[PDB]
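To start, the structure under review is shown below, and the notes come after it.
There are 2 protein chains.
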Amino acid sequence: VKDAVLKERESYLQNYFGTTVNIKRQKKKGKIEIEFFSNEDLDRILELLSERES
Amino acid sequence: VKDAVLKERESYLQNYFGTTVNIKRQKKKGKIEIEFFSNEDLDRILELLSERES
């Protein structure tokens with residue numbers, strides 16, 4: 229597995245919420261951190277993570 | 229705004245991907261970190277963040 233595949237997704241995620249996104253590739257034991265500057269973005273970001281549209 | 233509203237979502241997000249999730253409430257300037265133990269979960273988590281089902 230090459231992180232480039234996930235890192236190109238970082239680019240899309242940043243534009244998606246209009247915010248900063250960082251994936252930590254650490255022996256597969258990492259985390260994706262979606263930053264937010266308001267509690268409004270927070271509620272929205274959690275909404276995508278929930279995918280309630282489905 | 230009370231973090232309890234977002235923190236109850238932390239509980240749901242953890243069950244959603246079957247992984248550990250942490251929101252950092254820091255003056256609205258925080259981040260949601262979705263942890264993953266495989267690159268498979270990583271690809272899946274990014275998929276929800278993209279909400280391509282919509």
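From first to last, the protein sequence lines are chains A and B.
Numbering-wise, the first sequence is residues 229 to 282 according to the deposited numbering.
Numbering-wise, the second sequence is residues 229 to 282 according to the deposited numbering.
Cβ atoms here follow ideal geometry from the backbone N, Cα and C, with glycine treated the same way.
Whole-angstrom distance between residue j and residue i, CA atom to CA atom
i                : j               : result
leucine 241/B    : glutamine 242/A : 20 Å
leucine 277/A    : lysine 230/A    : 23 Å
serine 282/A     : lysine 255/A    : 32 Å
residue 225/B    : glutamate 275/A : Any answer about residue 225/B is impossible in this case: the structure gives chain B only from 229 up to 282.
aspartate 271/A  : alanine 232/B   : 12 Å
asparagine 250/A : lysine 259/B    : 10 Å
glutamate 238/B  : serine 239/A    : 24 Å
Interface partners of residue i on chain B, CB under 7 Å
i                : result
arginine 272/A   : In chain order: nothing, as chain B lies at least about 11 Å away.
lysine 259/A     : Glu261, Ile262, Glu263, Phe264
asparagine 267/A : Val229, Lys256
Residue i (DSSP reduced to helix, strand or coil)
i               : result
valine 249/A    : strand
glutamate 263/A : strand
Per-residue contacts from residue i into chain A (C-beta, under 9 Å)
i            : result
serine 278/B : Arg237, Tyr240, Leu241, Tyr244, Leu276
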